[PDB]
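Report on the structure
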Amino acid sequence: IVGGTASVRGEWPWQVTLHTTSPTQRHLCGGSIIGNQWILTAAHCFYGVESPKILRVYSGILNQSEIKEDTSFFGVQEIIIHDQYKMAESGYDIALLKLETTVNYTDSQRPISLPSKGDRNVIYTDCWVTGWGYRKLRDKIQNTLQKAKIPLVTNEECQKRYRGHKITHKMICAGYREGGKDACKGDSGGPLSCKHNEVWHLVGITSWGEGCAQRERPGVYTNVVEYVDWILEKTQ
Ligand SMILES: [O-][n+]1cc(-c2c(-n3cnnn3)ccc(Cl)c2F)ccc1[C@@H](CC1CC1)n1cc(-c2c(F)cncc2Cl)cn1
């Protein structure tokens, strides 16, 4: 996260850190708890992941340094990538992780709601991006989960900033015209979380952008409301 600040324990309890263990253990992507056995993340995360065997899902983590050899994690039973996914910039950047067992929800590990049926024309004005990613283009993965408030951009404006890409209704963009706050390397797969009527909704999945927090180059997120039917089909 560029231009963000440290979170405190329990502040984003749907946020998980997805680790790979091949050839060594490290943070790979963010993700969001959406059900007791379900994580929503980005399809692009699994480029070069040979199978679910090497994945570990950690919940309730504030600092990456908390994770040691006896820290409990969830195994991944299945990776479900959208059938039309080809590359992040061309959309369909969405994946479900089915966990091997059910998360018991606690103060540190909680689900986030999907965008609600009948909220298609809500204007979300309280949106946040969170993650352990770089604070700038050439940086490092952060120990403490970071947060930043970022405004949504219309798809019309976003397309004008990305005339070499097809910005579709299945994407949502977010960023300041002057730049300075954005996701960056290591944040992808995590949530764009928006609060409406004091309930948090998983509005976006951190996906791609040109650079990090550059002027007039918003971050691009998978528009989760356009995939609710797909999510419900796979999770039922
Ligand atoms: O995370 N992430 C974020 C953006 C992004 C950008 N960026 C544009 N240029 N950089 N970021 C801008 C806006 C938005 Cl919304 C974005 F989602 C683009 C790509 C990525 C991911 C893909 C990769 C998982 C498949 N990634 C993670 C690392 C990485 C690393 F480098 C060092 N150690 C550990 C890690 Cl996991 C590198 N890439």
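Residues numbered from 1 in each chain as written, not as in the entry; some residues may be left out. Heavy atoms only, no water.

What the deposited record gives as its method is X-ray crystallography, and the resolution it gives is 1.5890 Å.

As for the overall build of the chain
Here is the rule: Only DSSP runs of H or I with at least four residues qualify as helices, and only runs of E with at least two residues qualify as strands; both kinds are numbered from the N terminus onward. Using C-alpha atoms as the atom set, the radius of gyration is obtained and then compared with a globule rule of 2.2 Å times the number of residues to the power 0.38. Here's how the labels work: a residue is buried when its accessible area is under 20% of the maximum for its type, exposed when over 50%, partly exposed in between, all with a 1.4 Å probe on protein chains only. Between two residues, a contact is recorded if the distance between any of their heavy atoms is within 4.5 Å. Only the protein chains shown count as covering a residue, and every accessible area follows the Shrake-Rupley method with a 1.4 Å probe. We score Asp and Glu as negative and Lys and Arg as positive, and we do not count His or the chain ends. The location of each charge is read from NZ of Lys, CZ of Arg, CG of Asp or CD of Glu.
Check the secondary structure of the chain and you find 2 helices and 14 strands. Its C-alpha radius of gyration of 16 Å places the chain within 12% of the 18 Å reference for a compact globule of 236 residues. Structurally, the chain occupies a C-alpha span of about 50 × 40 × 35 Å along its principal axes. For the chain, buried positions account for 50% of its 236 residues. When contacts within the chain are restricted to residue pairs at least 6 apart in sequence, those whose partners lie at least 24 apart make up 69%. For the chain, the accessible area works out to roughly 11600 Å², and carbon and sulfur atoms hold 46% of it. For the chain, the distance from the average site of its 28 positive side-chain charges to the average site of its 25 negative ones is 4 Å.

Focus: the UniProt feature "active site" in the chain
This is how it is decided: UniProt positions are given in the numbering used here, feature names are shortened, and annotations may be inferred rather than shown by experiment. Only protein atoms enter the 1 Å grid used here. Points where a 1.4 Å probe fits but cannot escape make up a cavity, open sets with protein on both sides within 12 Å along at least five of seven lines make up a pocket, and a residue lines them when an atom lies within 4 Å of a point.
Here, the residues flagged by UniProt with the feature "active site" are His44, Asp93 and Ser188. A maximum C-alpha distance of 10.0 Å is found for the annotated residues, which run over 145 residues; spatially they form one tight group. From the set just named, the residues that line the largest cavity comprise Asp93. Within the fold, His44 resides in the loop between β4 (38–41) and β5 (55–59). Contacts of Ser188, omitting those with residues within four sequence positions, involve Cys29, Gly30, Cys45, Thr206 and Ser207.

Things to note about empty space enclosed by the protein
Put simply, the rule reads: Grid points are joined across faces, edges and corners, and a volume is the space filled by probe spheres set on the points. Three categories are distinguished: nonpolar for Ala, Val, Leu, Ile, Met, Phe, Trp, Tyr, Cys and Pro, charged for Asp, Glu, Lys and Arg, and polar for the others, with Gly belonging to the last.
Using the criterion set out here, one finds 2 cavities of 30 Å³ or more in the structure. Taken as a whole, the largest cavity holds about 50 Å³ of empty space. Among the elements of the structure, β13 (199–208) and β14 (219–223) are those that each provide at least two residues to the lining of the largest cavity. The biggest single contributor to the lining of the largest cavity is β14, with 3 residues. As for the second largest cavity, its lining consists of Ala174, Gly175, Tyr176, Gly179, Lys181, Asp182, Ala213, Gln214, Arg217, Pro218 and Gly219. For the lining of the second largest cavity, a count of residues per class yields 4 nonpolar, 4 polar and 3 charged.

A short note on the sheet that holds β13
Strand pairing in a sheet relies on backbone hydrogen bonds, with the paired strands running either antiparallel or parallel. Here is the rule we go by: The rule for pairing is simple: two strands pair if DSSP sees at least two bridges between them.
Pairing is antiparallel across the open sheet formed by 8 strands, whose spatial order is β1-β9-β8-β12-β13-β14-β11-β10. With one partner strand each, in any of the chains shown, β1 (5–6) and β10 (152–153) form the two edges of the open sheet. Sheet analysis places strand β11 (residues 171–174) next to β14, joined by 4 bridges and oriented antiparallel. By the bridge assignment for β14, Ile172 is matched with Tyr221.

Overview of helix α2 (residues 228–235)
Working note: α-helix, 3.6 residues per turn, so residues spaced by three or four point in the same direction. Operational definition: Regarding the arc, it is the one traced by the directions from the helix axis to the C-beta atoms.
Those residues of α2 lying buried are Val228, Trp230 and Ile231. Angular distribution of buried residues about the axis of α2 spans 160°; they occupy a single face of the element. With respect to the buried face of α2, the exposed residues turned more than 90 degrees away are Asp229 and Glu233. Tucked into the core, α2 has its buried residues touching β3 (26–35), β4, β6 (76–81) and β7 (95–99).

So, the site of the ligand
Short version of the rule: Distances are taken per atom, and a residue is near a molecule or strand as soon as one of its heavy atoms is within 4 Å of it. Whenever two N or O atoms come within 3.5 Å, that pair is a polar contact, provided that in protein one can donate a hydrogen and the other can accept it, and provided that, for residues adjacent in sequence, both atoms are side-chain atoms. Think of it this way: a molecule belongs to a cavity or pocket when more than half its atoms come within 2 Å of the grid points there.
In the vicinity of the ligand there are 22 residues, among which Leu28, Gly186, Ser188, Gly209 and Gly211 approach most closely. Within the backbone of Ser188, one N or O atom sits 2.9 Å away from an oxygen atom of the ligand. Considered on its own, the ligand offers 730 Å² of accessible surface; in the complex 81% of this is hidden by protein. Given that more than half its atoms are within 2 Å of the pocket grid, the ligand belongs to the largest pocket.

Observations regarding the nonpolar core
One recurring pattern in soluble globular proteins is that nonpolar side chains are buried together. Applied cut-off: Here the nonpolar core consists of buried residues drawn from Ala, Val, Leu, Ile, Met, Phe, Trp, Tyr and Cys, with membership extended through side-chain atoms lying within 4.5 Å.
Among the nonpolar cores identified, the biggest contains 53 residues, and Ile34, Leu40, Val57 and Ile231 are the most heavily contacted of them. Ignoring any residue separated from it by four or fewer positions in sequence, one finds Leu40 in contact with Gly31, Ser32, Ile34, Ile94, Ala95, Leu96, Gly189, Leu202, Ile205, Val224 and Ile231. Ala174, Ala183, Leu192 and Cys194 belong to the second largest nonpolar core, which has 13 residues in total.

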